[PDB]
Structure formats: C-alpha cells, structure tokens
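Visitor: Pasting an experimental structure, sequence included:
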Amino acid sequence: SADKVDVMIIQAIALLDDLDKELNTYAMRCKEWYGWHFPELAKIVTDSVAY
Amino acid sequence: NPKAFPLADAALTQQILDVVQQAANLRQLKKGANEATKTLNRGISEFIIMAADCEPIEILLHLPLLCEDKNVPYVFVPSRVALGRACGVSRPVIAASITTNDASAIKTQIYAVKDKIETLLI
Amino acid sequence: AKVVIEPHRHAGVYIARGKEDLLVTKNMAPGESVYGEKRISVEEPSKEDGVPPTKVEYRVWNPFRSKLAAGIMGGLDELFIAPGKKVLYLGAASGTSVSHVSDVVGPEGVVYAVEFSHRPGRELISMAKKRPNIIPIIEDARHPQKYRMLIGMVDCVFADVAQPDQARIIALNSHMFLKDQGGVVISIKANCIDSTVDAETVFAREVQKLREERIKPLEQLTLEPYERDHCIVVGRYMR
Amino acid sequence: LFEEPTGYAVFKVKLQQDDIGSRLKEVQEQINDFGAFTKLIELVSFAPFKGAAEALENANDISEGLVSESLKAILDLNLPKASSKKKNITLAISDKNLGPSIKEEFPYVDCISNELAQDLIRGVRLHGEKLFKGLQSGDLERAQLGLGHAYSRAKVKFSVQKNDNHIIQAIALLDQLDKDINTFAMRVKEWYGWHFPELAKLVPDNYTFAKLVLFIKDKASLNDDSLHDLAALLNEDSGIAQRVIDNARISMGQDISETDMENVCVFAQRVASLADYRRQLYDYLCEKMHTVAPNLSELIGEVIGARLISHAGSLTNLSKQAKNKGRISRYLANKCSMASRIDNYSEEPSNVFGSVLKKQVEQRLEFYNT
RNA sequence: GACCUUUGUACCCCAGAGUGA
C-alpha cells in the first residue's frame, strides 16, 4: 500500500481501554440506579455482564 | 394533615407580640425566613416565630426541620400582619428569629416565652 | 490534602495529624456527603497485577454537631461501642451522628434508630437505602413494648433523647432489650429537665434515680469547650 | 402458677409450657442463673407467618393491641387436657393492652401481664437461636432487617415524589453519554477522513456523518442518485447534495477494502446506539422533570433545574438552603428558593403557584427596564 | 547478574453562602 498500514493497531489499542472504561462506568451507573429496587444483588453477583 | 401545629392561644400570642416589640426595640430580632435560616446556621437563634396566614404555607416548612435538627423551639402565630406590627414595622413579616444575648435587658421575658413554647412542644 | 492518619486508642476511631487535631472515621459509602463535611482521600493502593488500586476516603467528624466526638475530644476513658457489637441508638434529630456510629460499628454491626417525629424519618429511610447497616424503627419511644417483635437483643444502649422524664424511658428499654453486663450511655441537656434550679442537683438526682434502676455510673463529665451546660454519663447494667 | 406463656417475634408465633418460675425473690443468685441457662421451659407449639405482606399487617395489629385470627387458631390448643376453663390458665405476655383483648375473646382464659418485664421473656430472646426447632436462620435476621424497613418505610412513606436522585443520575449519565458521543465521532471522522478526505470537511454533524459512512462504504457510489442516500435523510435539492456530486468526482483518497470498513460499520452503529439512548433519556428527563418539580420547570425549565438539584443532591437539601443583572439573578434565587420549598411538600405543587410566581418574574422583568 | 510541566486555539468574562430604609 501507499502508507504501509500499521497505524490502525496503534489506533485500536488506544480505543480498547477507553471502551472498557465506558463499560465499567455504565455498569456501575446501572448498579447505582437499580440498587433502589433490589440492593441485595451486587454482593452476590459482581460481574458487569451477568448483572 | 394539620400543618398548623402548634398554634398559640390568645394571651400567649399577645405576650409574644409584646416580647417581639421590646426585641425590635433592642435590635435583637431577625426579619425574614432567609435571615432566620442564616441564624439557624450560625447557632445564634433562640427560637423562631412563623405565621399561619402566609400564602402559600409550604415556603415556611423548612424551619421546623432545621430547628429540630438544631433542637430549637418554634410556635406558629395566626397573623402575619400583627407579626409585622410587633416588629415596629408597617408591612408584614412572615417569620422572625430571636438572637442570642446573655447581656440582654429582656432576657427573663425570653426565658418565660421559651418556657411556654417548650411546654407546648411536648 | 497533605495530612497523615493513625489508629487511635479506641478501636474504630481514627486520628488525623497534624496542623489541626482532627477526628475521622472510615466511610463505607464512597463519596457521599451528609452535611457538607470534607473528606480526606488516602490510599494504600497497588500497581501490581491481580490487585487493583484501592480508593479510600475518610470523613471528619464535627464535635460541634455531634455529642460523641465532643465526648472523645474532651477525654473519656472507654467507649462501649466497638467493632462487633450491637447498638441501640435513641434520638434521630438529623441522622448526622448515625452515619459515624454506622461507621464505627462496622459492617458486622447493626445500628438501630428510633424516632416518632415522622417528617425527619424519611431522611433516615433514604440513608437506610444508602448505608446497609442503619435500620430505622419509627415509633414513640415511650412504648417499646409495642415493637417487641421488631428488634433483637443488644449489647449497648445509647440515649440522646431530651425529655423531662427520660429516666423511665431508659428504664423500659434497659429492662427489656439489653443484654447482661452491657453498656448504658445517657446524654443530658441541662435545661430540658429543669431550669428553676442548679444543673448540679439535677445531676445528683439524675445519677441517683439512674442508680435506682440497677445501673452503676463510672464517671460523668462537663463539656465546657464545646457544648455549654451539657453532660454525658457512662454506666453499667447490673454490675 | 398455672402458666403457659407465648413467645412473640418476627420468628414464628411460639407457645411454650413452663415448669415453674422462681417465686423466690430478686437476689444475685436467681437472676444471674436465669440470665444464661434457661431450661425449665420447653417449646410446645409454633406457627410461621411466611407472608411478607402478612407479617407486617400482623405487626400493626400486635403493635396496636389487636389480635389476629391465626393467633386464635394457635390458641386453639388445649384439647388433650380434656377441657378449657377447668384450667383457669394464666397467660403472661409483653403487652398490657393485649390482655383485655384476649380476655374479651376468651372468657375461658385468665390473662395477666405481671410481670411486664418478666425475665423469663428475656430468657426466650437471649437463647432464641437454639430453639429454632426446624426453623431456618439465614435470611431470618435478613427478614428482621427488611421487615424493619417494611414497618418504618410503611408508616410514613408511600413513594411520594421519589425522584430525588433519579434526575441526578439522568443528567450525569446523559452528560457522560455526550462525552462518549464525541469520542467515537472523532474516530469515525478520522477514519473516513482517510478514505475520503472531503466529506469530513463537509458535514459538521456526527450522527449524519455516521449514517453516511455506514450505508455507503464506497467513494464512487455516494450520490443523491445511483444510489439514493440523500433522498432519505436529507433532500437532494439541498446545498449539500450538489457538493456531494462535486466531491464524488474529484476525490484522490486511499481506496480501502471491505474488512477495514466493517469495523467502521460497528463504530457507526455505536454512534446510533448513543444517539438513541440520549434522545430517549432526554425525553424521560423531560417527563420526570415535569413530575417531581413542576414549578421549577415552570420557572427555569428542565436543564438548570436538574443541574441545581444535581448540585444539592435532593429537593430537601435544596429546600433547607437559602452590573444590573444580579438583581434579576438574586430575585430568581429567592423565588426559586420559594418554589423549591413548594415542590418539596406534597402535591399542592401540582397547582399554579409557580405560574403566578413566573408572573411575578414577568413583573420584575417589567421593573428593571423603567 | 539485576503518567508531569510549557506554547497556541474556543468558551467564560467571574454577588454565593455579602449588607440589611
């Protein structure tokens, strides 16, 4: 190619950690919200995805 | 349901109006729930007087919560017009605050009024 | 900012040093605020794998706004409230002390709050939704037999209720819900009992009728810097 | 005496038979022995509540000296003793007031409450776990916790104006969502800035640009006609579409394969998700802003209301507080302080107090000009 | 064997807890 493409790895691995930062950000936001209805869950199940 | 408790009887009301009259004579009086709330913040407030004919009444419900936090007595009076009149003042004052001074010339009247109010609060 | 924090002699209360003698406790609520208190963030984190960095905030505790911090700064020999115990708390005036007692009782310990004035109670229901160790039980204090099902047996009882007649109130709670050889701590405001007489005779008959209900007083004290005309009394049950 | 008392808790209604108490008197042997043993009492019968609705309704009844019917059914156990009322049984309980009620629905039964703090009743509750005969204990003290929540929450609270924190979560989550929108927007405009360096200099919108890169993926096919993409979101007679015809000819950018483009389709779908939830959550914030603080959204609208309660943390916490523009801002501060105290207390803020308050803001708004 | 600071750009142009005819 005209650029010898390798820069996109440098972009993507700069994006991945910020993706996990939004992930546990919005997961904890959901925990803060849903704790009103059902607080007794976070001590039992701690993973974001299963929450 | 009541929203007007405790509300004072007659001779206690005129007694309070006279104490507020000499208090306004001795600049030992605060005028306004803004100022009264500030005196409840500084802990200088002896007790709080609130009116019953204020429309709406719900602007004046913060003073019992803040007083009960600070353990401060309070009693409703029926007229805001007479409560303004006892300030030496010709337009109505909805709520007044009594400030703390042990060098006060009228201190025994203040302790007797606090005796009547703290008698009624229980 | 730049202060350092040590464990005090009492288990659960932490000292803060030193450009002012400051009294702090651990918050089990991250980043909450009860009365606009200022929090000091100090951590022992880890940059290694397997251990994430800790985030620890501590809360200061105004001795002007609570009677117990005023008790500790004034010097007091022992505190019956420690990590592990159960504690029955009376008086619920703003809930500001209930946060710090909930801090010092630990996640093991259970805080029991009693109020009859219904409008400040919703605040404590909200704090009960925030801290999972503050259990409100809202009722007149004078009839504790009316909630016989509603509380377990308790190591130590604190009473901060200003009455003309608190002696019968701690009589019923003490005869009913207290364990053997537990702790009884009573707050006294001077002019609430009487005002036509010296506070000191009120103290003498207070300790007297306190002693008539099988309670042994250890040492009382006057709080002259912080809250004028106010005293706290510490005693034992059936010693 | 003829004693056969009743232990009461959240923990099951239990009837226990007695052998005898100490008719001996208050010394420091009998009290200190009976503090910790506490045999001489055996567990006869029991029955669970086991309704979370049932227990609290029962608890108001025992809390007000009123019997329940399961209590009568569990006081239907004297049959192998051949009779009632030959017994002249004496009950001992914790309540004074429950006594005349039981004596009302039972003339068969003698019922006292002496002593009121009979230390045998302490002898049950100081040793209760060991008399969980068939009863669990794990969520049982948890039923103590939540049932105390049920009483104290029940008697004063009815979820009236709940949104003291939900609005704050809404505005905080909304703002971090907008910051996350600009995140992927920069990445998509960088990416299609490579393959086609002119549309990134043409469309200033983010979601518009994301759909444009999303459904085309080729810089020789992006026109209003052949194919049609500026006949669905935008109209072809706009000043943008003619420059799209202008730009689709004179491009000199890099030509990239599909495998690099599908990841960008993932990105545009992320932008679509973010725009979706921010618009719906914005609508929800309009709704509950109209609900929980009506007079405030009458005055200053939704946004500064949600921000200011997001500063104070609750309407109660905002309620307890207190160059020719700060006269207006001070006036708005006082009247918003009043309107907040209106909105704090129970459904008279459904009325138009804030509306004539805004009429007063219109009067002062007339007053600063003259 | 053993992230921290500077230059340039956009925004803000800075009464709240002040005082109390």
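Guide: Thanks, I have it. Numbering: from 1, shown residues only, chains lettered A, B, ... in the order given.
Visitor: center of chain B - which residue?
Guide: residue B:49 (1.9 Å; Cα atoms, centre = their mean).
Visitor: Secondary structure of that residue: a strand, I assume?
Guide: Yes: looking at residue B:49 with DSSP: H, G, I helix; E, B strand; the rest coil, it is inside a strand.
Visitor: how near is the closest residue to it other than its chain neighbours to RNA strand E?
Guide: The shortest distance from residue B:49 to any residue that is not its chain neighbour, by Cβ to Cβ, 6 or more residues apart in numbering or on different chains, is 4.7 Å, and that residue is residue B:96. (C-beta placed from N, C-alpha, C; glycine too.) Summarising the geometry, the distance separating residue B:96 from RNA strand E, computed by Cβ to the nearest atom of the strand, to the nearest Å, is 12 Å.
Visitor: Can you name the residues of chain B sitting close to chain A?
Guide: Taking Cβ under 8 Å from any Cβ of the partner chain as the contact definition, chain B does not meet chain A anywhere.
Visitor: residue in chain B nearest to chain A?
Guide: residue B:65 (23.3 Å; Cβ to the nearest Cβ).
Visitor: list the contacts for that residue?
Guide: With contacts taken as Cβ atoms under 8 Å, 6 or more residues apart in numbering or on different chains, residue B:65 has the following neighbours: C:119-120, D:316, D:320.
Visitor: For residue D:195, see how far away the residue positioned nearest the centre of chain A is.
Guide: Per Cα atoms, centre = their mean, the C-alpha nearest to the average position across chain A is that of residue A:23, at 1.6 Å. Note on residue A:23: its distance to residue D:195, by Cβ to Cβ, to the nearest Å, is 28 Å.
Visitor: same check, this time on residue C:2
Guide: Distance of residue C:2 to residue D:195, given as Cβ to Cβ: 52 Å.
Visitor: Which one of these two is surrounded by more residues?
Guide: Neighbours per residue, other Cβ atoms under 10 Å in any protein chain shown: of residue C:2 and residue D:195, the larger number sits with residue D:195, 20 against 5.
Visitor: list the contacts for the residue nearest to the centre of chain A?
Guide: For residue A:23, the contacting residues are residue A:48, taking Cβ under 8 Å, 6+ apart as the criterion.
Visitor: can you do 10 Å?
Guide: By Cβ atoms under 10 Å, 6 or more residues apart in numbering or on different chains, residue A:23 lies in contact with A:48-49.
Visitor: any idea what it is structurally, helix, strand or coil?
Guide: Following three-state DSSP, we place residue A:23 in the helix state.
Visitor: right, and residue C:142 touches residue C:170 too?
Guide: No: counting by Cβ atoms under 10 Å, no contact exists between residue C:142 and residue C:170, whose distance comes to 11.3 Å.
Visitor: and the nearest residue to residue D:337 once chain neighbours are set aside, what does it touch?
Guide: Residue nearest to residue D:337 in three dimensions, not counting chain neighbours: residue D:322, with 6.4 Å by Cβ to Cβ, 6+ apart. Residues in contact with residue D:322, defined by Cβ under 10 Å, 6+ apart, are B:32-38, B:40-41, B:62, D:333-334, D:337.
Visitor: quick one: what helix or strand has residue D:322 in it?
Guide: Of the helices and strands defined by DSSP states H and E, none includes residue D:322.
Visitor: again, but for the one 10 residues further on
Guide: Residue D:332 is part of helix D:326-344 when elements are defined by DSSP H and E.
Visitor: likewise residue C:49?
Guide: With secondary structure defined by DSSP H and E, residue C:49 is part of neither a helix nor a strand.
Visitor: Repeat that for the one 10 residues further on.
Guide: If you go by DSSP H and E, residue C:59 is part of strand C:57-60.
Visitor: buried ones in the helix or strand just after that strand?
Guide: Secondary structure here is assigned by DSSP H and E; on that basis, the next helix or strand after strand C:57-60 toward the C-terminus is helix C:67-73. For helix C:67-73, the buried set under the neighbour-count rule, 16 or more other Cβ atoms under 10 Å in any protein chain shown, comprises C:67-73.
Visitor: got a list of contacts for helix C:67-73?
Guide: Judged by Cβ under 10 Å, 6+ apart, the contacts made with helix C:67-73 from elsewhere in the structure are C:8-10, C:13, C:15, C:21-23, C:25, C:60-64, C:66, C:76, C:79, C:81, C:91, C:97, C:100-101, C:104, C:158, C:160, C:185, C:187-189, C:221, C:223, C:225-227, C:230-232, C:234.
Visitor: Please narrow the residues you listed to those residing in strands.
Guide: C:15, C:22-23, C:25, C:60, C:158, C:185, C:187-189, C:221, C:230-232, C:234 (DSSP state E).
Visitor: For chain B, what lies in contact range of chain D?
Guide: By the criterion of Cβ under 10 Å from any Cβ of the partner chain, the positions of chain B lying close to chain D are B:3, B:32-38, B:40-41, B:55-63, B:65-66, B:69.
Visitor: Going along the chain, name the helices of chain C.
Guide: Counting by DSSP state H, residue ranges of the helices within chain C are C:67-73, C:96-104, C:118-130, C:166-177, C:190-193, C:199-212.
Visitor: and RNA strand E, which of those helices is closest to it?
Guide: Ranking those by their distance to RNA strand E (criterion: Cβ to the nearest atom of the strand) puts helix C:96-104 first, at 18.4 Å.
Visitor: Pull the distance from the closest one to the chain's centre.
Guide: What separates the centre of helix C:96-104 from the centre of its chain is 7 Å, taken as Cα atoms, centre = their mean, to the nearest Å.
Visitor: Say whether chain B is contacted by it.
Guide: Yes: in terms of Cβ under 10 Å from any Cβ, part of helix C:96-104 sits within range of chain B, namely residue C:96.
Visitor: cool, stretch D:284-294 as well?
Guide: No: applying Cβ under 10 Å from any Cβ, one finds that stretch D:284-294 is not in contact with chain B, the shortest distance being 13.2 Å.
Visitor: Dump that stretch to PDB, keeping only the CA atoms.
Guide: Below are the C-alpha coordinates for stretch D:284-294, written out as PDB (Å, rounded to 0.1, in the frame of the first residue of the first chain):
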ATOM      1  CA  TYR D 284     -37.500  10.800  30.300                       C
ATOM      2  CA  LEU D 285     -35.800  13.700  32.000                       C
ATOM      3  CA  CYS D 286     -38.500  16.000  30.500                       C
ATOM      4  CA  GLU D 287     -41.200  13.700  31.900                       C
ATOM      5  CA  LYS D 288     -39.900  13.300  35.400                       C
ATOM      6  CA  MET D 289     -38.800  16.900  35.500                       C
ATOM      7  CA  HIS D 290     -42.500  17.700  34.800                       C
ATOM      8  CA  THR D 291     -43.400  15.300  37.500                       C
ATOM      9  CA  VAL D 292     -41.200  15.800  40.600                       C
ATOM     10  CA  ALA D 293     -40.500  19.500  40.300                       C
ATOM     11  CA  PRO D 294     -43.300  21.100  38.300                       C
END
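Visitor: Would you mind pulling the contact partners of that stretch?
Guide: Residues lying outside stretch D:284-294 but in contact with it, judged by Cβ under 10 Å, 6+ apart, are D:160-164, D:166-167, D:170-171, D:173-174, D:277, D:296-303, D:305-306, D:308-309, D:315, D:318, D:339-340, D:342-344, D:347, D:349-355.
Visitor: can you do 6 Å?
Guide: Outside of stretch D:284-294, the residues that reach it under the criterion Cβ atoms under 6 Å, 6 or more residues apart in numbering or on different chains are D:161, D:163, D:170, D:297, D:302, D:305, D:343, D:349.
Visitor: Make JSON lines from the residues you listed and add secondary structure and distance to residue C:135 to it.
Guide: Written out in JSON lines, the entries for the contacts of stretch D:284-294 read as follows (DSSP: H, G, I helix; E, B strand; the rest coil; distance: Cβ to Cβ, whole Å):
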{"residue": "D:161", "secondary structure": "coil", "distance to residue C:135": "24"}
{"residue": "D:163", "secondary structure": "coil", "distance to residue C:135": "25"}
{"residue": "D:170", "secondary structure": "helix", "distance to residue C:135": "30"}
{"residue": "D:297", "secondary structure": "helix", "distance to residue C:135": "36"}
{"residue": "D:302", "secondary structure": "coil", "distance to residue C:135": "37"}
{"residue": "D:305", "secondary structure": "helix", "distance to residue C:135": "34"}
{"residue": "D:343", "secondary structure": "helix", "distance to residue C:135": "30"}
{"residue": "D:349", "secondary structure": "helix", "distance to residue C:135": "32"}
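Visitor: Sounds good, over and out.
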